[PDB]
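Enquirer: Here it is, the structure in full.
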Amino acid sequence: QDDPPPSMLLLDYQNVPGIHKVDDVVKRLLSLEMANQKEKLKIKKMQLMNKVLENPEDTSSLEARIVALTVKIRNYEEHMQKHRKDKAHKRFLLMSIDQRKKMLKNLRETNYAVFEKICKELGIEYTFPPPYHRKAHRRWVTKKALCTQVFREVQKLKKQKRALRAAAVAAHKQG
Amino acid sequence: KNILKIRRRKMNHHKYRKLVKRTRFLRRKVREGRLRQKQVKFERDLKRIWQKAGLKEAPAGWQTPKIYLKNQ
Amino acid sequence: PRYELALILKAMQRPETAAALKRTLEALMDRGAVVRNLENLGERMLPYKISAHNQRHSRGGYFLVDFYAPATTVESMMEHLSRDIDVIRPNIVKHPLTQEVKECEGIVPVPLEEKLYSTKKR
RNA sequence: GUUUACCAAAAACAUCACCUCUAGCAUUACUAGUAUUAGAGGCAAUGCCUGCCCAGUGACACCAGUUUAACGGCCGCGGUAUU
RNA sequence: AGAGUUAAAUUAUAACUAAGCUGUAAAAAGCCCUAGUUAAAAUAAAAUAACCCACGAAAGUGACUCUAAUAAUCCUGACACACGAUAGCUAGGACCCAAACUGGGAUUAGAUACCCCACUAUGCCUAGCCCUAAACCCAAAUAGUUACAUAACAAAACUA
Ligand SMILES: [Mg+2]
Ligand SMILES: [Mg+2]
Ligand SMILES: [Mg+2]
Ligand SMILES: [Mg+2]
Ligand SMILES: [Mg+2]
Ligand SMILES: [Mg+2]
Ligand SMILES: [Mg+2]
Ligand SMILES: [Mg+2]
Ligand SMILES: [Mg+2]
Ligand SMILES: [Mg+2]
Ligand SMILES: [Mg+2]
Ligand SMILES: [Mg+2]
Ligand SMILES: [Mg+2]
Ligand SMILES: [Mg+2]
Ligand SMILES: [Mg+2]
Ligand SMILES: [Mg+2]
Ligand SMILES: [Mg+2]
Ligand SMILES: [Mg+2]
Ligand SMILES: [Mg+2]
Ligand SMILES: [Mg+2]
Ligand SMILES: [Mg+2]
Ligand SMILES: [Mg+2]
Ligand SMILES: [Mg+2]
Ligand SMILES: [Mg+2]
Ligand SMILES: [Mg+2]
Ligand SMILES: [Mg+2]
């Protein structure tokens with residue numbers, strides 16, 4: 001988790017001249033201290049697009065969108081951590097996540113280098129969609145578990161029979 | 001007008017619900033027998049699986065849980 | 001101006017009122033507030049009798065406190081003002097001077113709706 | 001798990017669970033505790049349930065009235081669908 | 001979605017005063033620990049504005065305040081994922097008022113109804129289930145056209 005410091009002097013007021021010469025009070029009213037949450041979000045967005053990107057000027061690029069969306073997503077994550085039962089934002093969260101993952105699937109198919117970079121930088125891990133979405137239910141889960149166990153046992157026993165065969169034929173051939 | 005169809009369905013459903021109320025514990029017994037049958041067939045399936053794989057006993061530490069007979 | 005504290009105080013003499021206003025303002029600056037102004041709307045008879053702190057009140061003094069505060073703290077201030085026995089009733093509002101007036105360009109008249117029904121000849 | 005040591009070991013008892021009642025509190029029990037506690041009992045884990053009755057008898061309410069997961073109760077005779 | 005708040009009622013509860021009060025097309029039963037006025041927490045519900053047509057994907061949402069907040073540089077898309085009115089279920093808390101059930105009173109040939117009174121599950125809060133509605137604006141989603149042209153009725157006809 002990052003920390004956009006309480007004194008950080010919100011985004012629109014950073015580039016106006018002679019700001020630091022102003023007295024403590026006005027400097028404090030323009031601080032992230034007296035700010036909204038949306039201000040901290042503007043700041044976080046800027047900082048991230050500068051850290052991660054190449055050309056922070058293009059909003060139109062796939063990667064730029066992926067960054068913005070990632071900021072939004074993290075914010076919803078926070079909101080959902082405070083409000084458990086809010087269904088509206090659980091929808092927003094999951095939905096938005098899917099959008100991001102779609103744009104990712106798109107980057108990975110067009111520009112691979114940048115995709116790789118972004119995945120590393122944002123901590124996003126891209127997984128391939130399985131073929132065959134099916135609901136795993138009690139019967140299938142249990143039966144599959146058994147079948148895997150039966151498999152491991154069978155090949156383990158084949159290995160033991162081969163160790164016995166090797167030992168026997170070797171001790172025979174020697175004398 | 002179209003209500004005639006709706007009236008038919010209305011009556012059918014009503015009748016049927018009444019029926020389930022009367023026949024309730026018979027139905028109960030039957031569903032329970034069916035769940036037993038289900039659990040058994042599931043067991044047979046698994047047993048057939050490890051046996052056609054050549055093994056004699058079920059693999060080490062296999063209890064074959066009761067999924068259907070699960071307490072309601 | 002950011003927040004507007006509407007304060008309705010128990011109707012009292014000069015020193016006690018000045019006292020309450022003082023400790024209230026202090027309490028505000030303690031939660032991290034910057035107080036822009038203090039206004040006095042005078043004392044009136046209340047719109048209706050307000051029961052607070054085991055007292056039924058008829059009259060009261062009215063005050064506005066415009067201030068800047070971190071979003072977090074409003075709840076805190078509210079709590080404080082709730083347990084003050086000299087406050088008849090607190091309220092905290094986004095300051096009316098933050099919202100700016102868009103221009104009514106006029107009333108665009110609405111024509112009677114048409115083609116609601118078909119051209120059928122009854 | 002318990003029981004008739006010396007004719008009965010059990011389907012009896014207890015029991016987790018579920019339920020009723022009774023208590024607002026201090027230096028020997030309960031308890032150096034305080035109603036999510038402590039006593040008096042019923043019934044027997046779990047699951048689906050636990051229907052109707054306060055007239056009698058109790059017990060609360062010192063009389064009215066309330067109580068059945070308190071003691072306990074929970075019906076007939078005649079005539080009818082060709083039979 | 002959170003947290004905080006309460007104007008109008010209403011009620012526990014007293015204080016006076018009155019013998020009745022309630023209830024219907026009409027009565028009975030009920031209540032007189034009742035009624036009118038003067039005081040009043042909690043609970044629940046949110047006149048007027050609204051002749052408005054906003055927000056939300058839908059279900060839904062119209063007392064006040066604040067915090068957080070309404071995906072996608074926007075084609076379609078599941079049996080996958082997340083929701084989903086009322087009722088209902090489990091556990092704890094609330095209870096003004098309403099009210100399936102049930103018990104009284106009428107009605108009636110009967111009346112296990114409509115009408116009257118009383119009271120419960122339930123409606124409320126917390127947490128978890130349940131996953132259905134005439135969930136219908138009975139009109140799929142996205143882009144368009146007003147050309148050809150009336151089965152009937154209804155919300156006019158059509159293209160991809
Ligand atoms: Mg039929
Ligand atoms: Mg013996
Ligand atoms: Mg012995
Ligand atoms: Mg024995
Ligand atoms: Mg013996
Ligand atoms: Mg026994
Ligand atoms: Mg039980
Ligand atoms: Mg039992
Ligand atoms: Mg019984
Ligand atoms: Mg009795
Ligand atoms: Mg009696
Ligand atoms: Mg809540
Ligand atoms: Mg009460
Ligand atoms: Mg009478
Ligand atoms: Mg209102
Ligand atoms: Mg959107
Ligand atoms: Mg789509
Ligand atoms: Mg639902
Ligand atoms: Mg409950
Ligand atoms: Mg009730
Ligand atoms: Mg009623
Ligand atoms: Mg009756
Ligand atoms: Mg409910
Ligand atoms: Mg609807
Ligand atoms: Mg349909
Ligand atoms: Mg569709």
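Please note that chains go A, B, ... in the order of the structure tokens, that every chain numbers its residues from 1, and that ligands are numbered from 1 in the order shown.
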Taking only C-alpha atoms (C1' of nucleotides) and all ligand atoms into account, which residues are within 12 Å of ligand 4, as an NGL selection string?
Expert: :D and (1-3 or 9-10)
Enquirer: Given the selection you just returned, output its residues as a file containing N, CA, C and O atoms (P, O5', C5', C4', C3', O3' and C1' of nucleotides), formatted as a PDB file, in the first residue's frame.
Expert:
```
ATOM      1  P     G D   1     -18.108 -48.454  27.612  1.00  0.00           P
ATOM      2  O5'   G D   1     -18.471 -47.367  28.727  1.00  0.00           O
ATOM      3  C5'   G D   1     -17.508 -46.970  29.701  1.00  0.00           C
ATOM      4  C4'   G D   1     -18.014 -45.856  30.598  1.00  0.00           C
ATOM      5  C3'   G D   1     -18.804 -46.282  31.828  1.00  0.00           C
ATOM      6  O3'   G D   1     -17.971 -46.668  32.912  1.00  0.00           O
ATOM      7  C1'   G D   1     -19.977 -44.571  30.708  1.00  0.00           C
ATOM      8  P     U D   2     -18.398 -47.871  33.894  1.00  0.00           P
ATOM      9  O5'   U D   2     -19.750 -47.371  34.555  1.00  0.00           O
ATOM     10  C5'   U D   2     -19.734 -46.328  35.511  1.00  0.00           C
ATOM     11  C4'   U D   2     -21.094 -46.140  36.123  1.00  0.00           C
ATOM     12  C3'   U D   2     -21.679 -47.357  36.816  1.00  0.00           C
ATOM     13  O3'   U D   2     -21.187 -47.506  38.140  1.00  0.00           O
ATOM     14  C1'   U D   2     -23.306 -46.380  35.407  1.00  0.00           C
ATOM     15  P     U D   3     -21.020 -48.955  38.813  1.00  0.00           P
ATOM     16  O5'   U D   3     -22.513 -49.435  39.047  1.00  0.00           O
ATOM     17  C5'   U D   3     -23.379 -48.687  39.880  1.00  0.00           C
ATOM     18  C4'   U D   3     -24.735 -49.325  39.958  1.00  0.00           C
ATOM     19  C3'   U D   3     -24.734 -50.816  40.214  1.00  0.00           C
ATOM     20  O3'   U D   3     -24.591 -51.096  41.600  1.00  0.00           O
ATOM     21  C1'   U D   3     -26.271 -50.271  38.483  1.00  0.00           C
ATOM     22  P     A D   9     -26.756 -59.843  34.696  1.00  0.00           P
ATOM     23  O5'   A D   9     -26.935 -58.328  34.263  1.00  0.00           O
ATOM     24  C5'   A D   9     -27.585 -58.012  33.040  1.00  0.00           C
ATOM     25  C4'   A D   9     -26.852 -56.941  32.277  1.00  0.00           C
ATOM     26  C3'   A D   9     -25.419 -57.276  31.905  1.00  0.00           C
ATOM     27  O3'   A D   9     -25.072 -56.588  30.708  1.00  0.00           O
ATOM     28  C1'   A D   9     -25.442 -55.457  33.412  1.00  0.00           C
ATOM     29  P     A D  10     -25.415 -57.231  29.279  1.00  0.00           P
ATOM     30  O5'   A D  10     -26.896 -56.745  29.015  1.00  0.00           O
ATOM     31  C5'   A D  10     -27.211 -55.379  29.171  1.00  0.00           C
ATOM     32  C4'   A D  10     -28.690 -55.158  29.094  1.00  0.00           C
ATOM     33  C3'   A D  10     -29.107 -53.728  28.852  1.00  0.00           C
ATOM     34  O3'   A D  10     -28.985 -53.384  27.486  1.00  0.00           O
ATOM     35  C1'   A D  10     -30.397 -54.645  30.602  1.00  0.00           C
TER      36        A D  10
END
```
Enquirer: What residues in chain B lie within 10 Å of chain D, counting only C-alpha atoms (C1' of nucleotides), written as an NGL selection string?
Expert: :B and (25 or 28 or 71-72)
Enquirer: May I have the residues within 10 Å of ligand 12, computed using only C-alpha atoms (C1' of nucleotides) and all ligand atoms, as a PyMOL selection string?
Expert: (chain A and resi 83+85-86) or (chain E and resi 1-3+125-126)
Enquirer: Tell me the residues of chain C close to chain E, meaning within 8 Å using only C-alpha atoms (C1' of nucleotides), as a list in words.
Expert: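 The contacting residues on chain C are residues 71, 72, 74, 75, 78, 91, 92, 93, 117, 118 and 119 of chain C.
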Enquirer: Go ahead and dump the residues you just picked, N, CA and C atoms, as a CSV table (one decimal), in the first residue's frame.
Expert:
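Result file follows (selection.csv):
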```csv
chain,number,residue,atom,x,y,z
C,71,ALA,N,-12.1,15.9,5.9
C,71,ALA,CA,-13.4,15.1,5.8
C,71,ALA,C,-13.6,14.2,6.9
C,72,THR,N,-12.6,13.5,7.4
C,72,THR,CA,-12.6,12.6,8.5
C,72,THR,C,-13.3,13.1,9.7
C,74,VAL,N,-15.6,15.4,10.7
C,74,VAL,CA,-16.9,15.9,10.9
C,74,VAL,C,-17.7,15.1,12.0
C,75,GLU,N,-17.7,13.8,11.8
C,75,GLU,CA,-18.3,12.9,12.7
C,75,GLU,C,-17.8,13.2,14.1
C,78,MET,N,-19.3,16.4,15.5
C,78,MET,CA,-20.7,16.1,15.8
C,78,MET,C,-20.8,15.5,17.2
C,91,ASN,N,-25.8,21.2,13.7
C,91,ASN,CA,-25.9,20.6,12.4
C,91,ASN,C,-24.7,21.0,11.5
C,92,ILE,N,-24.2,20.1,10.7
C,92,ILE,CA,-23.0,20.5,9.9
C,92,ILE,C,-23.4,20.2,8.4
C,93,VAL,N,-23.2,21.3,7.6
C,93,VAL,CA,-23.6,21.3,6.2
C,93,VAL,C,-22.5,21.7,5.3
C,117,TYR,N,-50.3,8.1,-30.5
C,117,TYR,CA,-51.2,7.1,-30.9
C,117,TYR,C,-51.1,7.0,-32.5
C,118,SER,N,-51.7,5.9,-33.0
C,118,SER,CA,-51.6,5.7,-34.4
C,118,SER,C,-52.7,6.5,-35.2
C,119,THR,N,-52.7,6.4,-36.5
C,119,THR,CA,-53.5,7.2,-37.4
C,119,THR,C,-54.8,6.5,-37.7
```
Enquirer: Could you list the protein, DNA and RNA residues that have any atom within 12 Å of ligand 7, counting only C-alpha atoms (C1' of nucleotides) and all ligand atoms, and write them as a PDB file with N, CA and C atoms (P, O5', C5', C4', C3', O3' and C1' of nucleotides), in the first residue's frame?
Expert:
```pdb
ATOM      1  P     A D  17     -24.453 -29.334  25.689  1.00  0.00           P
ATOM      2  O5'   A D  17     -25.688 -29.277  24.694  1.00  0.00           O
ATOM      3  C5'   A D  17     -25.500 -29.528  23.314  1.00  0.00           C
ATOM      4  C4'   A D  17     -26.786 -29.951  22.660  1.00  0.00           C
ATOM      5  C3'   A D  17     -28.015 -29.145  23.028  1.00  0.00           C
ATOM      6  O3'   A D  17     -28.090 -27.911  22.343  1.00  0.00           O
ATOM      7  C1'   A D  17     -28.533 -31.430  23.148  1.00  0.00           C
ATOM      8  P     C D  18     -28.669 -26.613  23.088  1.00  0.00           P
ATOM      9  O5'   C D  18     -30.229 -26.884  23.138  1.00  0.00           O
ATOM     10  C5'   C D  18     -30.927 -27.223  21.957  1.00  0.00           C
ATOM     11  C4'   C D  18     -32.321 -27.665  22.282  1.00  0.00           C
ATOM     12  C3'   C D  18     -33.028 -26.812  23.312  1.00  0.00           C
ATOM     13  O3'   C D  18     -33.534 -25.612  22.767  1.00  0.00           O
ATOM     14  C1'   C D  18     -33.298 -29.075  23.877  1.00  0.00           C
ATOM     15  P     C D  19     -34.100 -24.474  23.737  1.00  0.00           P
ATOM     16  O5'   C D  19     -35.554 -25.019  24.080  1.00  0.00           O
ATOM     17  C5'   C D  19     -36.336 -24.402  25.077  1.00  0.00           C
ATOM     18  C4'   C D  19     -37.109 -25.408  25.881  1.00  0.00           C
ATOM     19  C3'   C D  19     -37.510 -24.926  27.256  1.00  0.00           C
ATOM     20  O3'   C D  19     -38.640 -24.095  27.210  1.00  0.00           O
ATOM     21  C1'   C D  19     -36.633 -27.099  27.424  1.00  0.00           C
ATOM     22  P     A D  45     -32.436 -37.819  21.399  1.00  0.00           P
ATOM     23  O5'   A D  45     -31.333 -36.732  21.066  1.00  0.00           O
ATOM     24  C5'   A D  45     -30.766 -36.004  22.143  1.00  0.00           C
ATOM     25  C4'   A D  45     -29.383 -35.508  21.843  1.00  0.00           C
ATOM     26  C3'   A D  45     -29.229 -34.718  20.568  1.00  0.00           C
ATOM     27  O3'   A D  45     -29.722 -33.397  20.665  1.00  0.00           O
ATOM     28  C1'   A D  45     -27.475 -36.257  20.724  1.00  0.00           C
ATOM     29  P     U D  46     -30.805 -32.872  19.602  1.00  0.00           P
ATOM     30  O5'   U D  46     -30.123 -33.153  18.191  1.00  0.00           O
ATOM     31  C5'   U D  46     -28.878 -32.566  17.846  1.00  0.00           C
ATOM     32  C4'   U D  46     -28.345 -33.123  16.550  1.00  0.00           C
ATOM     33  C3'   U D  46     -29.254 -32.958  15.346  1.00  0.00           C
ATOM     34  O3'   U D  46     -29.187 -31.666  14.770  1.00  0.00           O
ATOM     35  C1'   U D  46     -28.477 -35.178  15.424  1.00  0.00           C
ATOM     36  P     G D  47     -30.530 -30.825  14.498  1.00  0.00           P
ATOM     37  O5'   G D  47     -31.314 -31.677  13.394  1.00  0.00           O
ATOM     38  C5'   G D  47     -30.714 -31.967  12.131  1.00  0.00           C
ATOM     39  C4'   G D  47     -31.570 -32.861  11.253  1.00  0.00           C
ATOM     40  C3'   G D  47     -33.046 -32.499  11.156  1.00  0.00           C
ATOM     41  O3'   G D  47     -33.287 -31.495  10.187  1.00  0.00           O
ATOM     42  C1'   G D  47     -32.820 -34.835  11.517  1.00  0.00           C
ATOM     43  P     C D  48     -34.298 -30.299  10.522  1.00  0.00           P
ATOM     44  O5'   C D  48     -35.731 -30.968  10.370  1.00  0.00           O
ATOM     45  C5'   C D  48     -36.221 -31.317   9.085  1.00  0.00           C
ATOM     46  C4'   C D  48     -37.502 -32.110   9.158  1.00  0.00           C
ATOM     47  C3'   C D  48     -38.647 -31.486   9.939  1.00  0.00           C
ATOM     48  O3'   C D  48     -39.343 -30.501   9.206  1.00  0.00           O
ATOM     49  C1'   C D  48     -38.427 -33.751  10.552  1.00  0.00           C
ATOM     50  P     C D  49     -39.811 -29.154   9.935  1.00  0.00           P
ATOM     51  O5'   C D  49     -41.155 -29.569  10.675  1.00  0.00           O
ATOM     52  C5'   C D  49     -41.298 -29.398  12.076  1.00  0.00           C
ATOM     53  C4'   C D  49     -42.016 -30.573  12.684  1.00  0.00           C
ATOM     54  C3'   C D  49     -42.788 -30.305  13.960  1.00  0.00           C
ATOM     55  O3'   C D  49     -44.053 -29.716  13.717  1.00  0.00           O
ATOM     56  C1'   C D  49     -41.517 -32.273  14.206  1.00  0.00           C
ATOM     57  P     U D  50     -44.552 -28.460  14.588  1.00  0.00           P
ATOM     58  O5'   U D  50     -44.797 -29.065  16.032  1.00  0.00           O
ATOM     59  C5'   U D  50     -45.708 -30.129  16.222  1.00  0.00           C
ATOM     60  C4'   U D  50     -45.494 -30.778  17.560  1.00  0.00           C
ATOM     61  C3'   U D  50     -45.645 -29.869  18.765  1.00  0.00           C
ATOM     62  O3'   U D  50     -47.000 -29.712  19.135  1.00  0.00           O
ATOM     63  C1'   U D  50     -43.716 -31.237  19.000  1.00  0.00           C
ATOM     64  P     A D  69     -46.552 -27.597  26.388  1.00  0.00           P
ATOM     65  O5'   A D  69     -45.176 -28.390  26.355  1.00  0.00           O
ATOM     66  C5'   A D  69     -45.035 -29.610  27.076  1.00  0.00           C
ATOM     67  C4'   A D  69     -43.751 -29.667  27.867  1.00  0.00           C
ATOM     68  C3'   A D  69     -43.423 -28.418  28.678  1.00  0.00           C
ATOM     69  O3'   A D  69     -42.765 -28.774  29.886  1.00  0.00           O
ATOM     70  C1'   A D  69     -41.710 -28.817  27.095  1.00  0.00           C
TER      71        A D  69
ATOM     72  P     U E  90     -37.408 -21.497  11.585  1.00  0.00           P
ATOM     73  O5'   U E  90     -35.860 -21.323  11.927  1.00  0.00           O
ATOM     74  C5'   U E  90     -34.933 -22.368  11.656  1.00  0.00           C
ATOM     75  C4'   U E  90     -33.506 -21.938  11.900  1.00  0.00           C
ATOM     76  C3'   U E  90     -33.273 -21.022  13.090  1.00  0.00           C
ATOM     77  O3'   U E  90     -33.255 -21.710  14.330  1.00  0.00           O
ATOM     78  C1'   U E  90     -32.094 -20.192  11.218  1.00  0.00           C
TER      79        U E  90
END
```
Enquirer: Identify, on the basis of only C-alpha atoms (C1' of nucleotides), every residue whose closest approach to residue 41 (chain E) does not exceed 12 Å; exclude the query and any residue fewer than 5 positions from it along the same chain; express the result as a ChimeraX atom specification.
Expert: /C:51,54 /E:11-13
Enquirer: From a DSSP pass on the backbone, collect the residues of region 3-55 of chain C flagged as strand (DSSP E) and hand them back as a list in words.
Expert: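 The residues of region 3-55 of chain C classed as strand (DSSP E) are residues 3, 4, 5, 6, 7, 8, 9, 34, 35, 36, 37, 38, 39, 40, 41, 42, 43, 44, 45, 46, 47, 48, 49, 50, 51, 52 and 55 of chain C.
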Enquirer: Output the contact residues of chain A with respect to chain B at a cut-off of 9 Å, based on only C-alpha atoms, as an MDAnalysis selection string.
Expert: chainID A and resid 138:139 142:143 146:147 149:151 153:154
Enquirer: Kindly export the residues of the current selection with N, CA, C and O atoms, as a compact mmCIF listing (two decimals), in the first residue's frame.
Expert:
```txt
# COMPACT_ATOMS: atom_id res chain seq x y z
N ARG A 138 -19.97 -31.43 -5.68
CA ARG A 138 -19.51 -32.38 -4.68
C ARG A 138 -19.05 -33.69 -5.30
O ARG A 138 -17.94 -34.17 -5.05
N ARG A 139 -19.92 -34.25 -6.15
CA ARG A 139 -19.63 -35.54 -6.77
C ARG A 139 -18.40 -35.49 -7.65
O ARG A 139 -17.49 -36.31 -7.51
N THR A 142 -15.09 -34.82 -5.52
CA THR A 142 -14.71 -36.04 -4.80
C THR A 142 -14.16 -37.13 -5.74
O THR A 142 -13.06 -37.65 -5.52
N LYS A 143 -14.91 -37.47 -6.79
CA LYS A 143 -14.48 -38.49 -7.74
C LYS A 143 -13.12 -38.17 -8.38
O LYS A 143 -12.27 -39.05 -8.51
N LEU A 146 -10.37 -38.86 -5.81
CA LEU A 146 -10.09 -40.29 -5.79
C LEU A 146 -9.26 -40.72 -6.98
O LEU A 146 -8.22 -41.34 -6.80
N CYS A 147 -9.71 -40.40 -8.19
CA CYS A 147 -9.01 -40.79 -9.41
C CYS A 147 -7.54 -40.36 -9.43
O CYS A 147 -6.66 -41.13 -9.86
N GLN A 149 -5.71 -39.85 -6.68
CA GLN A 149 -5.06 -40.74 -5.70
C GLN A 149 -4.78 -42.15 -6.23
O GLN A 149 -3.69 -42.70 -6.03
N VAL A 150 -5.76 -42.74 -6.91
CA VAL A 150 -5.61 -44.05 -7.56
C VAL A 150 -4.48 -44.02 -8.57
O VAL A 150 -3.67 -44.95 -8.64
N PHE A 151 -4.40 -42.94 -9.34
CA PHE A 151 -3.30 -42.79 -10.29
C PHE A 151 -1.93 -42.81 -9.60
O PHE A 151 -1.05 -43.62 -9.97
N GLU A 153 -1.04 -43.83 -6.61
CA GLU A 153 -0.80 -45.17 -6.07
C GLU A 153 -0.36 -46.18 -7.14
O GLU A 153 0.62 -46.88 -6.95
N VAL A 154 -1.09 -46.23 -8.26
CA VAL A 154 -0.76 -47.17 -9.35
C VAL A 154 0.66 -46.98 -9.87
O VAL A 154 1.43 -47.95 -9.95
```
Enquirer: Could you give me the residues within 8 Å of ligand 13, counting only C-alpha atoms (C1' of nucleotides) and all ligand atoms, as a PDB file with N, CA and C atoms (P, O5', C5', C4', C3', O3' and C1' of nucleotides), in the first residue's frame?
Expert:
```pdb
ATOM      1  P     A E  12     -51.287   3.886  26.237  1.00  0.00           P
ATOM      2  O5'   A E  12     -50.016   3.522  27.133  1.00  0.00           O
ATOM      3  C5'   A E  12     -49.513   2.192  27.166  1.00  0.00           C
ATOM      4  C4'   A E  12     -48.186   2.093  27.887  1.00  0.00           C
ATOM      5  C3'   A E  12     -48.147   2.605  29.318  1.00  0.00           C
ATOM      6  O3'   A E  12     -48.681   1.667  30.245  1.00  0.00           O
ATOM      7  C1'   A E  12     -46.205   3.325  28.134  1.00  0.00           C
ATOM      8  P     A E  42     -36.955   8.702  21.749  1.00  0.00           P
ATOM      9  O5'   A E  42     -36.903   7.122  21.580  1.00  0.00           O
ATOM     10  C5'   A E  42     -36.150   6.323  22.479  1.00  0.00           C
ATOM     11  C4'   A E  42     -36.767   4.958  22.637  1.00  0.00           C
ATOM     12  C3'   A E  42     -37.112   4.232  21.346  1.00  0.00           C
ATOM     13  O3'   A E  42     -35.995   3.637  20.697  1.00  0.00           O
ATOM     14  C1'   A E  42     -38.952   4.109  22.805  1.00  0.00           C
ATOM     15  P     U E  43     -35.795   3.821  19.110  1.00  0.00           P
ATOM     16  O5'   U E  43     -36.897   2.857  18.477  1.00  0.00           O
ATOM     17  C5'   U E  43     -37.079   1.528  18.961  1.00  0.00           C
ATOM     18  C4'   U E  43     -38.414   0.958  18.536  1.00  0.00           C
ATOM     19  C3'   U E  43     -38.764   1.105  17.063  1.00  0.00           C
ATOM     20  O3'   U E  43     -38.127   0.144  16.242  1.00  0.00           O
ATOM     21  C1'   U E  43     -40.623   1.733  18.366  1.00  0.00           C
ATOM     22  P     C E  95     -39.216  -2.448  22.610  1.00  0.00           P
ATOM     23  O5'   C E  95     -40.511  -2.636  21.697  1.00  0.00           O
ATOM     24  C5'   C E  95     -40.827  -1.725  20.649  1.00  0.00           C
ATOM     25  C4'   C E  95     -42.002  -2.218  19.839  1.00  0.00           C
ATOM     26  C3'   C E  95     -43.223  -2.639  20.646  1.00  0.00           C
ATOM     27  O3'   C E  95     -44.051  -1.531  20.966  1.00  0.00           O
ATOM     28  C1'   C E  95     -42.722  -4.295  19.010  1.00  0.00           C
TER      29        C E  95
END
```
Enquirer: Would you mind reading off the distance between CA of residue 133 (chain A) and CA of residue 101 (chain A), one decimal, in Å?
Expert: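 Value for the CA of residue 133 (chain A)-CA of residue 101 (chain A) distance: 17.0 Å.
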Enquirer: Do you know which residues are at most 12 Å from residue 52 (chain D) counting only C-alpha atoms (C1' of nucleotides), after dropping those on the same chain fewer than 2 positions away, and could you put them as a list in words?
Expert: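 The residues that qualify are residues 68, 73 and 74 of chain D; 102 of chain E.
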Enquirer: Keeping N, CA, C and O atoms (P, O5', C5', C4', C3', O3' and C1' of nucleotides), export the residues of the selection given above as a PDB file, in the first residue's frame.
Expert:
```pdb
ATOM      1  P     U D  68     -49.049 -22.966  28.583  1.00  0.00           P
ATOM      2  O5'   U D  68     -48.382 -24.397  28.403  1.00  0.00           O
ATOM      3  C5'   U D  68     -47.688 -25.015  29.473  1.00  0.00           C
ATOM      4  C4'   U D  68     -48.108 -26.451  29.644  1.00  0.00           C
ATOM      5  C3'   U D  68     -48.263 -27.263  28.371  1.00  0.00           C
ATOM      6  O3'   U D  68     -47.016 -27.753  27.916  1.00  0.00           O
ATOM      7  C1'   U D  68     -50.083 -27.676  29.848  1.00  0.00           C
ATOM      8  P     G D  73     -54.969 -38.593  31.474  1.00  0.00           P
ATOM      9  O5'   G D  73     -56.518 -38.318  31.235  1.00  0.00           O
ATOM     10  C5'   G D  73     -57.039 -38.121  29.936  1.00  0.00           C
ATOM     11  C4'   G D  73     -57.870 -36.870  29.859  1.00  0.00           C
ATOM     12  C3'   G D  73     -58.451 -36.593  28.488  1.00  0.00           C
ATOM     13  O3'   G D  73     -59.657 -37.294  28.290  1.00  0.00           O
ATOM     14  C1'   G D  73     -57.399 -34.645  29.291  1.00  0.00           C
ATOM     15  P     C D  74     -59.693 -38.589  27.345  1.00  0.00           P
ATOM     16  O5'   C D  74     -60.567 -38.088  26.112  1.00  0.00           O
ATOM     17  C5'   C D  74     -59.993 -37.952  24.826  1.00  0.00           C
ATOM     18  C4'   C D  74     -60.096 -36.545  24.296  1.00  0.00           C
ATOM     19  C3'   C D  74     -59.905 -36.426  22.792  1.00  0.00           C
ATOM     20  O3'   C D  74     -61.125 -36.591  22.093  1.00  0.00           O
ATOM     21  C1'   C D  74     -58.524 -34.851  23.900  1.00  0.00           C
TER      22        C D  74
ATOM     23  P     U E 102     -57.598 -20.981  11.257  1.00  0.00           P
ATOM     24  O5'   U E 102     -57.793 -20.773  12.820  1.00  0.00           O
ATOM     25  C5'   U E 102     -57.048 -21.555  13.738  1.00  0.00           C
ATOM     26  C4'   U E 102     -57.050 -20.931  15.106  1.00  0.00           C
ATOM     27  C3'   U E 102     -58.414 -20.554  15.655  1.00  0.00           C
ATOM     28  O3'   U E 102     -59.123 -21.664  16.185  1.00  0.00           O
ATOM     29  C1'   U E 102     -56.907 -18.770  15.993  1.00  0.00           C
TER      30        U E 102
END
```
Enquirer: Report as an NGL selection string all protein, DNA and RNA residues lying within 12 Å of residue 97 (chain E), evaluated on only C-alpha atoms (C1' of nucleotides), omitting residues in the same chain fewer than 2 positions from it.
Expert: :E and (9-11 or 43-45 or 95 or 99 or 123-124)
Enquirer: Select from region 9-75 of chain A everything DSSP, run on the backbone, classes as helix (DSSP H, G or I), then give the selection as a ChimeraX atom specification.
Expert: /A:11-13,19-21,24-29,37-52,62-75
Enquirer: How many Å separate CA of residue 170 (chain A) from CA of residue 152 (chain A)?
Expert: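 Taking CA of residue 170 (chain A) as the start and CA of residue 152 (chain A) as the end point, the length is 26.9 Å.
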Enquirer: Compare A:157, A:19, A:29, A:94 by their minimum atom-to-atom distance to chain E, counting only C-alpha atoms (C1' of nucleotides), and give me the closest one.
Expert: A:94
Enquirer: Residues within 12 Å of ligand 22, counting only C-alpha atoms (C1' of nucleotides) and all ligand atoms: report them as an NGL selection string.
Expert: :E and (29 or 102-107 or 111-113 or 115-117)
Enquirer: Select residues of chain C: the criterion is any atom within 10 Å of an atom of chain A, counting only C-alpha atoms; output as a PyMOL selection string.
Expert: chain C and resi 2+32-34+68-72
